[PDB]
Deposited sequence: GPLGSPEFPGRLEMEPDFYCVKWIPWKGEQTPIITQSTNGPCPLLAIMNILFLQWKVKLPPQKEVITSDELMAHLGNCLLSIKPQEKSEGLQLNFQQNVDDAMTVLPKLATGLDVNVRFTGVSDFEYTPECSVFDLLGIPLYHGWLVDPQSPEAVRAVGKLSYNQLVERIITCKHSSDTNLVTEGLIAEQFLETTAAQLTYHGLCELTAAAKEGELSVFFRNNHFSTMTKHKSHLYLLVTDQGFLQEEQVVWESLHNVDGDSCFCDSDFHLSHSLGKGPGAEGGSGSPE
């Protein structure tokens, strides 16, 4: 959380910085910031090696406050900026994220969602309930995750056996989809993402910087272990869980 290592890479033919972490924390700061660095919206002095949160925060503050309104939600805009600013300091420490299983862009709104929306950064997750299993669909339905854990507990202590049944139908779905990415999710997520756009991907209380390229998904390699490995930049998100290929800045294969 204190200091982060900067990694310089040849992004779109220009030396561009990227921020690394070994810690694997639940801070979306780096996910958001790396997107901004990749879009050249923040620039660092060429020599830079290490960076603090307070700099990144500063850079982010300026970035949000420098957004000119450009066509739609008017009184919302000004509240969203104020919402973004009030929650801005939380982005360093960590964040509760309550997904919904109804679609890849679906969360319970908290004001931290304003920062993504202001900056035009999509937030996605892959924890989707399958249409194929329609008992789980019925049991989960409208509910978000933290609502589903409440209802599961409520369903245990019900005397009605219908509810107690569904309380297990749902408790199954979380047990079977424990790694928070279903195959149905990965398909829907791929189709959803705009080719060559940067976005943030949520899974197991981690935020990753994501993009789509030749209609395949890749995540940025935040890992500090590959700090020296300039040729290791993107990692494929082709399978639901397992083996994955690494790529350089231009999406060509690479090895260590």
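Peer 1: Write out the missing regions of the deposited sequence in sequence order, one range per stretch.
Peer 2: Missing CA coords at 1-15, 87-89, 275-289.
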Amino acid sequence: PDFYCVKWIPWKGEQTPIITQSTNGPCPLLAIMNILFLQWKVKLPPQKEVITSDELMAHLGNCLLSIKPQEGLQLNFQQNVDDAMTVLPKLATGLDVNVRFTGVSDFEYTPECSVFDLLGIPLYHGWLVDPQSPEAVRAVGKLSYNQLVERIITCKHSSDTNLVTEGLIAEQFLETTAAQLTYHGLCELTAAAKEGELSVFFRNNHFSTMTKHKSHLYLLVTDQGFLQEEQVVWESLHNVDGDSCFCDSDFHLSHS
From here on, numbers count along this sequence of modelled residues.
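Peer 1: Between 121-129 and 159-167, which has the higher average C-alpha B-factor in the PDB entry?
Peer 2: Per the PDB record, 159-167.
Peer 1: What stretch has the higher average Cα B-factor here, 99-107 or 81-89?
Peer 2: Per the PDB entry, the higher value belongs to 81-89.
Peer 1: Among the modelled residues of its chain, does the C-alpha B-factor of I19 lie in the lowest, middle or highest third?
Peer 2: Bottom third by C-alpha B-factor.
Peer 1: Using only modelled residues of the chain, where does the Cα B factor of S256 rank: lowest third, middle third or highest third?
Peer 2: As the PDB entry reports it, the C-alpha B-factor of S256 lands in the highest third of its chain.
Peer 1: Among the modelled residues of its chain, does the C-alpha B-factor of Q228 lie in the lowest, middle or highest third?
Peer 2: For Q228, the deposited C-alpha B-factor lands in the highest third.
Peer 1: Can you tell me whether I9 has a C-alpha B-factor in the lowest, middle or highest third compared with the other modelled residues of the same chain?
Peer 2: Within its chain, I9 is a lowest-third residue by C-alpha B-factor, going by the deposited values.
Peer 1: Using only modelled residues of the chain, where does the Cα B factor of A192 rank: lowest third, middle third or highest third?
Peer 2: As the PDB entry reports it, the C-alpha B-factor of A192 lands in the middle third of its chain.
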